[PDB]
Amino acid sequence: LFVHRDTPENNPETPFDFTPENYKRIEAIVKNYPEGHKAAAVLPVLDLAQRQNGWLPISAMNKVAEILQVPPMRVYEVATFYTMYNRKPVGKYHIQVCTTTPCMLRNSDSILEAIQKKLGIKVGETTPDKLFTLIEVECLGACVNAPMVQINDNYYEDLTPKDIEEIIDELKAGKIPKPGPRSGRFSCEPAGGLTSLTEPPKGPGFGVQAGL
Amino acid sequence: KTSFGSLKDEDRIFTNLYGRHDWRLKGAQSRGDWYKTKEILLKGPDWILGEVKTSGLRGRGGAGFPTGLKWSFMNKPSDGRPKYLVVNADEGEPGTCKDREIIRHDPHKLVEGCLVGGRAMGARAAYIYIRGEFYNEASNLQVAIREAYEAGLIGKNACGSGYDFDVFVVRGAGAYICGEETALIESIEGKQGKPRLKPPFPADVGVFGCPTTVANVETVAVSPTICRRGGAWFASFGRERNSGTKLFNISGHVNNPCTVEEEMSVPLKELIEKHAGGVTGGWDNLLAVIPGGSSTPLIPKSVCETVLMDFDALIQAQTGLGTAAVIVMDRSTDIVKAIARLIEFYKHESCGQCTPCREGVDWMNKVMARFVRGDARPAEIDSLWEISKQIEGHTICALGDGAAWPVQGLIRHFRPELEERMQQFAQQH
Amino acid sequence: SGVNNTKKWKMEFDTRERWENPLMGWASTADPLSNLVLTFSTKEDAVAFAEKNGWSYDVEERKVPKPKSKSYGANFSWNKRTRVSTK
Ligand SMILES: Cc1cc2nc3c(=O)[nH]c(=O)nc-3n(C[C@H](O)[C@H](O)[C@H](O)COP(=O)(O)O)c2cc1C
Ligand code: SF4
Ligand code: FES
């Protein structure tokens, strides 16, 4: 929903303030923009509150409005426009499965159902332990590595039902699995052998025209 | 020349595309980056704009405007306002992941491009807008920028050239529409990512209200090489008015989905077979290809037999080069469902600002969802065509066109499939 | 926003008493001119008509909206207050 209703857990009196170290980070954010245009810092600072707090209560939105001297409504507009802001609490690991056509064509559905069975939840829900939250997202910009998921800040790619269940098993154990493809390649090169960039790259000055 | 493709590694620009060599400053310099940057800067903006003009380079962000002419809009006297370069790293087009490889594996190409391109425009700084999901890539770029600052390649007296230049990185927060040039500017300003009407054009009133040029990551990252090796060297690739090398993404129903650099005007068939290992199940198993990302209309196998991958060739085939993100669908695909999911994507991504896309795309999505099940009558096909034409060319920004076009491609080339599905539903009910 | 009902000159008369009908509560009137409203191309035509019919009259000069200076670009001013905080 894109309207707010005060609750005991989410209301203007809910405690939130940036830590002393995050205030230092805020100063560097605000210094990135011309003077007289502090409102440009709304997105990075709002994201900073989420990284500290995990999600965005209304009191966190109010604090950002105060620090940057912007009307709170303009901050509410940003919080509700960009989908990476969590206006409700999310589990420790926010699993985000891409289901757009390129990933769908390479069986993102088998990934989605594998997660649902293993965690016993439905898309949109949080586990009772509050460790995992599962949602579908649009193209995450790793289409040649489909099917893939993002968990918090990391991408996990070239997934199969076995691979994702192994990633979730590692997460449940406190281990932090390595990101990237799980199929054998390292990034976006074709499997079965490079079809380009096999020879060593040229060095400084190669092919440089005259006059420089 | 009359045949294109088979680009040699000596002529490839992004030589660390696969990240098998050091992506940091030392590896970049060993590969030719940051070489004679001072000389290029001291040549002057008009010389730099001349080389980009002669190179025939066109925008790699999806619209394909001639880059040299576009960048020359900033080559004008100052008026007290600062001038900015905004590098578009939102990379949100479904099927497109080329800009991701440049940022994380060749970051110093992009940083040097910002300085060289910024110098041509007389900008004081560059803001690189990178989508918020590319966290690890943004951090990689941030590390490279610090090395450039420490080495004195950017910042005060960049490359000892007497020209100051800052490179800032700002992350998005989840919005495909923030790849649109004016929506990107609005997002940097702390507002909802809603596009601006034009005029004014960004070269007159842009970010913070100042003269601005928005350029795609790949467009920027190739400019330093064009200056070093010459625009003529770049124009010796691809057909006339389709110059240069191009980064391709081949995904979907291929054997080895991959990113690769190849000559412009390469045949679509040759690209899929040489680099992606061919269509899954053989070329005979091909059904349709989306050649330039979800915003470009699909083309059937018959068209894919001989078409060339460049701006002009794909326009004559009733589509476009777009981002050159090739999405391949074999004959096991439910083509109506594939397209219906793209319309669902545009429904989730429309900013909602202007009426035809706010309401039209959601309307098209509802009709397509029924077309998937066959729960419609054939008269609704011509209705859906007309609706898509009421969105196209009537919206503020090109997202509305980007949603209309995929629907048009489906109806143009697969009307029998849509009608067959309605016939099957009717007998079952 | 339509301006098509502001093209012509009108002539109406002074409002007189309306009272509640004792039976039904309907609005009764004894003013035969209560509904009379004439239309004229110009105020000269209206004045001419009023003069020959012996009615005393007041003429109010037509109010036309004054031309405004509009600029979409001002929504994003670098240093002026016209910059919009939202779209
Ligand atoms: C909905 C939409 C999304 C877009 N996304 C991107 C993008 O992710 N990256 C990009 O470079 N251009 C994107 N564009 C194109 C930009 O608006 C603009 O044309 C481009 O940044 C100009 O740079 P170029 O001339 O070098 O291509 C998008 C356009 C639209 C309408
Ligand atoms: S076409 Fe869609 S995305 Fe573009 S301005 Fe209109 S509503 Fe927003
Ligand atoms: S379609 Fe899933 S990452 Fe692009």
Side-chain angles (χ1 to χ4, degrees), chain A residues 96-106 108 111 136-150 155 157, chain B residues 57-67 69-71 86-100 113 117 129-131 133 172 175-186 192-197 202 213-223 249 251-252 293-295 322-323 325 327 341-342 345-347 349-362 391-404, chain C residues 87:
Chain A
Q96 290 152 85
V97 184
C98 181
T99 64
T100 323
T101 290
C103 281
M104 173 270 252
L105 284 180
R106 280 188 89 86
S108 57
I111 308 307
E136 296 165 56
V137 299
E138 310 303 318
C139 178
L140 286 177
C143 317
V144 300
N145 279 104
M148 53 82 60
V149 311
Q150 172 167 247
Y155 278 23
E157 280 143 291
Chain B
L57 173 63
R58 293 169 77 170
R60 308 306 212 221
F65 297 179
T67 298
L69 290 153
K70 169 170 144 176
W71 287 11
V86 174
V87 180
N88 191 340
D90 201 61
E91 179 91 297
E93 178 82 325
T96 319
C97 41
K98 65 185 177 74
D99 296 326
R100 187 204 180 187
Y129 191 98
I130 187 163
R131 64 182 301 173
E133 300 91 334
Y176 165 63
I177 185 60
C178 280
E180 203 274 339
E181 42 181 359
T182 50
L184 192 162
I185 283 161
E186 294 284 293
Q192 302 159 309
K194 303 188 170 177
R196 298 176 183 177
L197 275 81
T213 281
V214 183
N216 172 257
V217 162
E218 184 183 1
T219 316
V220 172
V222 304
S223 99
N249 307 120
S251 57
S294 61
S295 291
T323 53
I327 306 154
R341 183 67 186 73
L342 292 185
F345 163 82
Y346 288 107
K347 187 259 210 148
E349 296 310 331
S350 160
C351 86
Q353 175 168 222
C354 78
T355 303
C357 169
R358 177 184 61 252
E359 311 295 345
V361 168
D362 181 74
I391 301 171
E392 202 200 331
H394 292 72
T395 57
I396 291 172
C397 91
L399 190 150
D401 302 19
Chain C
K87 294 216 305 305

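As the structure lists them, so they are numbered: ligands from 1, and atoms in each ligand from 1. So that the names make sense, note that chain A is the first sequence line, chain B the second, and so on, each numbered from 1. Heavy-atom basis, side chains included; hydrogens, waters and symmetry copies ignored.
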Report task. Let me see the working for B/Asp362 and B/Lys347 under side chain to side chain contact (heavy atoms under 4.5 Å, CB included), right down to the final yes or no. Result -> CA-CA 6 Å; B/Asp362 181 74; B/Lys347 187 259 210 148; 3.0 Å; yes

May I ask you to check whether [X] has an N/O atom sitting below 3.5 Å from an N/O atom of ligand 1?
X        : answer
B/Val217 : no
B/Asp99  : no
B/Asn216 : yes
B/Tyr176 : no
B/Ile177 : no

Rounded to the nearest 0.5 Å, how far does [atom2] of [Y] lie from [atom1] of [X]?
X        : Y        : atom1 : atom2 : result
A/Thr99  : A/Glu136 : OG1   : CD    : 4.0 Å
A/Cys139 : B/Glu133 : SG    : CD    : 9.5 Å
B/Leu57  : B/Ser223 : CG    : OG    : 8.5 Å
B/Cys357 : B/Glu392 : SG    : CD    : 13.0 Å
A/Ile111 : A/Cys98  : CD1   : SG    : 11.5 Å

Considering only heavy atoms of [X], which atoms of ligand 1 have at least one such atom less than 4.0 Å away?
X        : result
B/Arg60  : 26 (O), 27 (O)
B/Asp90  : 8 (O)
B/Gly92  : 8 (O)
B/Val214 : 21 (O), 22 (C), 23 (O)
B/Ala398 : 31 (C)

Query - Working for side chain to side chain contact (heavy atoms under 4.5 Å, CB included), residues A/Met148 and A/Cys103 - result: CA-CA 7 Å; A/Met148 53 82 60; A/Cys103 281; 4.1 Å; yes

Query raised in the report: Looking at B/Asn249, B/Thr96, B/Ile327, which one forms a side-chain contact (heavy atoms from CB on, under 4.5 Å) with A/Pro102?
Result: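 That would be B/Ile327.
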
Query - For B/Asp99, the option from B/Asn88, B/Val87, B/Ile130, B/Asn216 that meets side-chain contact (heavy atoms from CB on, under 4.5 Å) - result: B/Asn216

Requested in this report: Give a yes or no on whether a salt bridge exists between B/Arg341 and A/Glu138, defined as a side-chain N under 4.0 angstrom from a carboxylate O.
Outcome: yes

Query raised in the report: Do any heavy atoms of B/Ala215 fall under 4.0 Å from ligand 1?
Result: yes

Query raised in the report: Taking the non-hydrogen atoms of B/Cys397, is any one of them nearer than 4.0 angstrom to ligand 1?
Result: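 Judged by the 4.0 Å heavy-atom criterion, B/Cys397 does not count as contacting ligand 1.
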
Shortest non-hydrogen separation from [X] to [Y] and the atoms involved:
X        : Y        : value
A/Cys143 : B/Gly95  : SG-N, 3.1 Å
B/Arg196 : B/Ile396 : O-CG2, 3.8 Å
A/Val137 : A/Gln96  : CG1-CB, 3.7 Å
B/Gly92  : B/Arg131 : CA-NH1, 3.8 Å
B/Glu186 : B/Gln192 : CB-O, 3.8 Å
B/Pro202 : B/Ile185 : CB-CD1, 4.2 Å

Of the protein's non-hydrogen atoms, which lies at the shortest distance from [atom], and what is that distance?
atom                    : result
atom 25 (O) of ligand 1 : B/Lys70 NZ, 3.0 Å
atom 27 (O) of ligand 1 : B/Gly61 N, 2.7 Å
atom 18 (C) of ligand 1 : B/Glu181 CB, 4.3 Å
atom 29 (C) of ligand 1 : B/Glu180 CA, 3.8 Å
atom 14 (N) of ligand 1 : B/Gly179 O, 3.3 Å
atom 21 (O) of ligand 1 : B/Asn88 ND2, 3.2 Å
atom 26 (O) of ligand 1 : B/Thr219 OG1, 2.6 Å
atom 8 (O) of ligand 1  : B/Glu91 N, 3.0 Å

Query raised in the report: Where's the contact between B/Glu93 and ligand 1, heavy-atom distance under 4.0 Å: side chain, backbone, both or neither?
Result: neither

Query raised in the report: Protein N/O/S atoms under 2.8 Å of atom 2 (Fe) of ligand 3?
Result: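 Listed by chain and number, the nearby protein N, O or S atoms are A/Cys98 SG, A/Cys103 SG.
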
Requested in this report: Could you list the residues that satisfy side chain to side chain contact (heavy atoms under 4.5 Å, CB included) with B/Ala215, not counting sequence neighbours?
Outcome: B/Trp71, B/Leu85, B/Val220

Query - Those residues that, when tested against B/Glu359, pass side chain to side chain contact (heavy atoms under 4.5 Å, CB included) (two or more places apart) - result: B/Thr355

**Report entry** B/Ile177 and B/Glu349: CA distance, side-chain angles, deciding distance, side chain to side chain contact (heavy atoms under 4.5 Å, CB included) verdict
**Finding:** CA-CA 6 Å; B/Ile177 185 60; B/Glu349 296 310 331; 5.7 Å; no

**Report entry** Validation row: B/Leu399, B/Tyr176 side chains within 4.5 angstrom (heavy atoms)
**Finding:**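 Yes. Closest side-chain heavy atoms under 4.5 Å.
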
Query raised in the report: In the shown structure, where waters are left out, how many protein N, O or S atoms lie under 2.8 Å from atom 2 (Fe) of ligand 2?
Result: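 There are 1 of them.
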
